[PDB]
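Participant: below: the sequence, then the experimentally determined structure.
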Amino acid sequence: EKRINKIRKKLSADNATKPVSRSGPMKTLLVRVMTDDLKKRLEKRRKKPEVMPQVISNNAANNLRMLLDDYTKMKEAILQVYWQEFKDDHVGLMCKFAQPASXXXXXXXXXXXXXXXXXXXXXXXXXXXXXXXXXXXXXXXXXXXXXXXXXXXXXXXXXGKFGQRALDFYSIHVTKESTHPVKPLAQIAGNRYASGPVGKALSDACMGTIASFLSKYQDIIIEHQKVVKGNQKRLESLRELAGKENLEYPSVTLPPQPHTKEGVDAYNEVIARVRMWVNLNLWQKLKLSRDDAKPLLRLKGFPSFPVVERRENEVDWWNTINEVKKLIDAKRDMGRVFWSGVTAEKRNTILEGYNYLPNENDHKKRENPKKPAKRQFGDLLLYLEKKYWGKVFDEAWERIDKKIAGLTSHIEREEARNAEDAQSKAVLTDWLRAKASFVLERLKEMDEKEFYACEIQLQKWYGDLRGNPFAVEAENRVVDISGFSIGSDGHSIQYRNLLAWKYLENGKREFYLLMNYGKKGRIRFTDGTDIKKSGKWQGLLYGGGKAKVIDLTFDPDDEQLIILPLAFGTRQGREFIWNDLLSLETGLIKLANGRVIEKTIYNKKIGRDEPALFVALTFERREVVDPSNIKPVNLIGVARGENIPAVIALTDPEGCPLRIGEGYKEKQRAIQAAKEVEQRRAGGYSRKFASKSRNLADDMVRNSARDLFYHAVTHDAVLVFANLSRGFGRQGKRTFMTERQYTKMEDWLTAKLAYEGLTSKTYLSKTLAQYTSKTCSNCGXXXXXXXXXXXXXXXXXXXXXXXXXXXXXXXXXXXXXXXXXXXXXXXXXXXXXXXXXXXXXXXXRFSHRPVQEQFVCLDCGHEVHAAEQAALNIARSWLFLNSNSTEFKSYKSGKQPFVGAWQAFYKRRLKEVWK
DNA sequence: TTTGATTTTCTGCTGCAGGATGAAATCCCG
DNA sequence: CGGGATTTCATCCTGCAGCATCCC
RNA sequence: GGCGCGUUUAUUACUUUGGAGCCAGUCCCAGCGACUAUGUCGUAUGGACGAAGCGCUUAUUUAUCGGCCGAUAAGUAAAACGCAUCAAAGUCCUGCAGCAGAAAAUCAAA
């Protein structure tokens, strides 16, 4: 009773079905074409299939490769010419891609004391359902709907929604008029593609991508206006130099609002320089806290133009290895007159301070631990100092150029046969940087001028040599199918695709995807009704509005007609190709859009080099259950977390009364431990588990979304989440992005409660998360006041004591927090409260949640898991928001704040109905 | 011993923003 | 004189929302 | 960690997550550690090598044995069958940015 396809047949077999209004919910397949090895994987099983299915017919793959290459070159040439358009008129391109308005009418005016920005912003009140007053400016009414007052009512210069088809792409480049000199069908593709589906699909993809860039760039210009004003306010550190009278000036003038992309890098170099000076002279040398000398903020988030402005720094490996070796052997003989030179102490000071001698690597972890291959050279230098400082440098050079020529004769014999050693590259680069930072120390003590150019050259070469043998080439190539629809003529396929299903021998189909992108016909059709056991070839082409099947006559030929067979499981077919409830060839599910994706899948025998051809048809629903369900006895309190996500508590609607996804953080920390082991040695990633973390995350998210939906439907529930303000995370030092999934569970539960009919108003509500998961279920803290005294506090009611066990190690330490209080209190108490912060010990012991699993109240004396008690309050906070009793009227009229109103609601209900 | 602040090279995962194109109207060519 | 390939065109949503929640 | 069977997820073979089965050794090159230090000995850290179900049939091959066969321990070669071995999930694309991981430099701090 646990499956997700039993709950949907419980939902859609209880209440009625309504057609959708304007659009529907969208799903999609992700199937794979039978390339070749999907036929090898069938003649290796025990039980062999009866009919060997089909493959790509060896000339469909050639045409598909030609189409994908020509499509990617066309899309790149269009984004090139619009990049050269965008680099001249930012506001010109922004005003070009604005939108049409719609088909409105005669609106008002507002030219009186209001224009636009950088041209006569009128006004109207269209949507009279609830919220009206959309601006809708003009000059083709560019819907300039914006402004949030704050400083001044500044409506946006271009629109609020950039659009896809605002440009009318197909009167420019593609058509045979329009002397704009870059026509991608007549120049690059070679005039052999139809100007029907290719031009419109290329319009779809290129205008979608440039509208994405512009609609991000507008918001980023506004946010940098705020951040540049805030950065100009934080040049009160120019006061802090005379506030301490010991620092002269940082001497850096901030450029204005940058607008381009290189202005951002210049302004960020200036903010980086002032931030480096602030950390060097005001957080360490004078020991100020961070909120006394606030740092300058960096301009983050500037979007670049999509495909034209990638990085492309690709270099070979062996040329940079020989370059590093040339730079090292150029400075050898001047590197002898320094190390056989200066003193007996300055050589020891350079060895000691610049991290050469082994500081503490002697802790045998049940052999000594490994060294970072700069201190191996320190051990060798110490031993060759002991047994043997003039002739030591020659004696410690020959045992490195035998460890470099020993490694470089191990790569070059194990790279140029078949394999990649993948660790003996990283140890060669580590040893070359150690020998580099050993030769160059004549420069970093004698004259520091040409050191930093040589140091930035060695840093660029080390970066190339460490990362570049692990970069991925071969980005994904894709070609759009923009719909299946019979045109205005009676029998002609617009957009030139189908979904074939050639009939097989017994009764079954084979589900091909015919593309016909050549500049001819070769696919035509009349109609069909019989199931004759051969190539009936039926088709599904949406004649007009209603769906239809046809019968289709064509010969598989070597001039067009890319015929891809599909290979999907029985589960994808049972869901949405031949489903019993929403049947195709009737109209309840319509197809909308297809692709052909050639992306990289990891093959088990070799590395990741295996491009396979996915298809990904996108399906829209058109039958949807109507809401006549209320779910009374409901109040399921989902209360999300990170150590154990989505802990559940169920309760009756008066208030009176599971650990879904139990072991998840341990698996993710083990996968990150495996990546951090294969990153310390062997500098890259070993790209097998470069897609393990997202796959495990999606498996847990969709399994727990199934479990929440099952517990919502069967126990007749209304899921009450907590308003975690989408995009919530720890965002600290050791948070990997996979463990940041409080938004994705709500997203998947909504996107499975949008499909199968409902909305986010009948099985998914949301309460406030303010002061939940902090109040005990028999008590009511917020303000830990140590105003009362250092022998005791008074807590809520009654009193308390002291005598503690305060644990705040950050090494291996603790206290007792009575002796600590006395030592930081002496015999004055109040003066110690004014000077020192003794509240840290109070909030280290007397705080709730001592270990980050449990929970102890301060007036109850209670102990519950703080997740099965974070859930019985989320369900009791939604029953406080929308239940107008007495104490929701208060905090709404403004008598009491939220904490006092909620505790006066709780301690009124916790004795009456245990709510 | 370990962490502040800049910087060089790679990677993955989430979080936004475009989307999920049919109907009609010309026009050329056998 | 129709068949079939090009070439234009154009759509729509309101909804209200308050200072912790995650974890260290 | 590696290698394979594969069942349930109410016409097919995809992408995955779980449970169960079988192997995890050799200093050949390297890494790393100790030193009796331009190398010797250890350590399986990476490459390269080999290890990777069982059982019932049938054609064989080695050896025992009952007077040209036939039963046996073991291997080869072939197809079907049973067991170990059982449950779940899928909404994509393009484009950026943001975080986080990783070393490696430079200036400093406790």
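Facilitator: That came through, no problem. Residues are numbered from 1 along each chain as shown, chains lettered A, B, ... in the order given.
Participant: now the residue at the greatest distance from the centre of chain A. Nearest residue, chain neighbours left out?
Facilitator: Using Cα atoms, centre = their mean, the residue of chain A lying farthest from its centre is residue A:388. It sits 57.2 Å away. If the residues on either side of it in the chain are set aside, residue A:388 comes closest to residue A:395, at 5.9 Å by Cβ to Cβ, 6 or more residues apart in numbering. (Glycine included, C-beta is placed from N, CA and C.)
Participant: quick check, that neighbour in contact with residue A:384.
Facilitator: Yes. Using Cβ atoms under 8 Å, residue A:395 makes contact with residue A:384 at a distance of 5.5 Å.
Participant: between those two, which has more neighbouring residues?
Facilitator: With neighbours defined as other Cβ atoms under 10 Å, residue A:395 and residue A:384 compare such that residue A:384 has more, 17 against 14.
Participant: which SS class is the more buried one?
Facilitator: Under the three-state scheme (DSSP: H, G, I helix; E, B strand; the rest coil), residue A:384 adopts helix.
Participant: hmm, back to that, and the residue nearest to residue A:388, how far from residue A:380?
Facilitator: In this structure, residue A:395 and residue A:380 are 9 Å apart, going by Cβ to Cβ, to the nearest Å.
Participant: so which bits of the stretch 451-600 of chain A are right by DNA strand B?
Facilitator: A:459-460, A:462-464, A:466-468, A:470-472, A:482-489, A:494-495, A:542, A:544-545, A:592-593 (Cβ under 7 Å from any atom of the strand).
Participant: inside strands: which ones of these?
Facilitator: Counted as lying in strands by DSSP state E, out of these, are A:485, A:486, A:494, A:592, A:593.
Participant: list the contacts for the closest residue to residue A:637 other than its chain neighbours?
Facilitator: Of all residues not flanking residue A:637 in the chain, residue A:875 sits nearest, at 3.3 Å (Cβ to Cβ, 6+ apart). Shown in contact with residue A:875 (Cβ atoms under 8 Å, 6 or more residues apart in numbering): A:635, A:636, A:637, A:649, A:650, A:651, A:720.
Participant: list the buried ones in stretch A:619-634?
Facilitator: Neighbour-count burial for stretch A:619-634 flags A:619, A:620, A:621, A:622, A:623, A:624, A:625, A:629, A:631, A:634 (criterion: 16 or more other Cβ atoms under 10 Å).
Participant: relative to DNA strand B, which of the residues you listed is nearest.
Facilitator: Nearest to DNA strand B among the buried residues of stretch A:619-634 is residue A:620, at 5.4 Å by Cβ to the nearest atom of the strand.
Participant: what strand or helix carries that closest one?
Facilitator: Assessed by DSSP states H and E, residue A:620 sits inside strand A:618-621.
Participant: cool, and residue A:95?
Facilitator: Assigned by DSSP H and E, residue A:95 falls in helix A:90-96.
Participant: tell me if that helix is near DNA strand B.
Facilitator: No. Counting by Cβ under 7 Å from any atom of the strand, DNA strand B is not contacted by helix A:90-96; separation bottoms out at 12.8 Å.
Participant: do that helix and DNA strand C meet at all?
Facilitator: No. Helix A:90-96 stays clear of DNA strand C (Cβ under 7 Å from any atom of the strand), getting no nearer than 14.8 Å.
Participant: could you measure from the nearest residue to residue A:301 once chain neighbours are set aside over to residue A:162?
Facilitator: Counting by Cβ to Cβ, 6+ apart, residue A:220 is the residue found nearest to residue A:301 once chain neighbours are left out, at 5.4 Å. According to Cβ to Cβ, residue A:220 and residue A:162 sit 13 Å apart.
Participant: with residue A:417 instead?
Facilitator: Distance check for residue A:417 against residue A:162: by Cβ to Cβ, it reads 54 Å.
Participant: likewise for residue A:561?
Facilitator: For residue A:561, the distance to residue A:162 - Cβ to Cβ - is 38 Å.
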